[PDB]
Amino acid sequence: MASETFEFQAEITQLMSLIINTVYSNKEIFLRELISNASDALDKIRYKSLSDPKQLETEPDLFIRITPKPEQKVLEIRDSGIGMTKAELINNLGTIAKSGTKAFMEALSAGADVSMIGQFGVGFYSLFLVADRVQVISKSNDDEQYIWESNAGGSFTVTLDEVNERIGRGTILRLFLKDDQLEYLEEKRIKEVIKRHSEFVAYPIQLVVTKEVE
């Protein structure tokens, strides 16, 4: 199909503009937030499967997978968690997506460290520390695969997905990294960031590395 365009709730647009523009030092913290969200989605599908085991069959493996795509300056973070339907992507990432958004911004003004973002329920938006564009590609058992896309402007698009690999079930965050943040494409940097901030994750974290054979 065509893309549909949606307006963000005003506090969300304010949160994003602030973060995409910040000179804050500790940007690496975006990866902890995206692994935590990935781990929550995997919790929800595992929890859901307790009474409905067939929900697992669209993707029996439970994992988080990180894929640097250095040639496109993209970093992907995939999970096989519960995924979001079209209406979920629309509601959860932007149109309500509310709640701690304004509390967080107020805490920032008073000097809170950008790293509390997650305790306010809005750590998804920390991706704009290292990316100036994101596509969230998601497949819920309840809906077709969709793409939600934002560039931290006041509106986002949602498009039926006829261009990306089929996710059996779950979500890919595809981060279009800023030119100064290309370090997050490097295998050593990634590992160091995960060991530091994500020690207790119930699910395997996989890193997809491309090496020339010689």
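What we label the rigid core is the largest C-alpha set whose atoms superpose within 1.5 Å from one form to the other. Sequential numbering from 1, following the sequence displayed.
Displacement analysis by core superposition in 9 other deposited structures of this protein ranks 28-36 above the other of 28-36 and 162-170 in root-mean-square C-alpha distance from the shown form. In terms of root mean square C-alpha deviation after superposing on the rigid core in 9 other deposited structures of this protein, the stretch standing farther out between 58-66 and 185-193 is 185-193.
Higher mean CA B-factor, judged across 135-143 and 112-120 from the recorded values: 112-120. On average the C-alpha atoms of 176-184 have higher B-factors than those of the other stretch, with 176-184 and 38-46 being the two compared. If you compare the C-alpha temperature factors of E149, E33, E165, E57 in the entry, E57 comes out highest. The PDB entry gives the largest Cα B-factor of the residues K69, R65, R169, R189 to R189. In the deposited entry, the Cα temperature factor of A97 sits in the top third of values across the chain's modelled residues. Per the deposited record, the Cα B-factor of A103 falls in the highest third when ranked against the other modelled residues of its chain. When the modelled residues of the chain are ordered by their C-alpha B factor, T159 lands in the lowest third.
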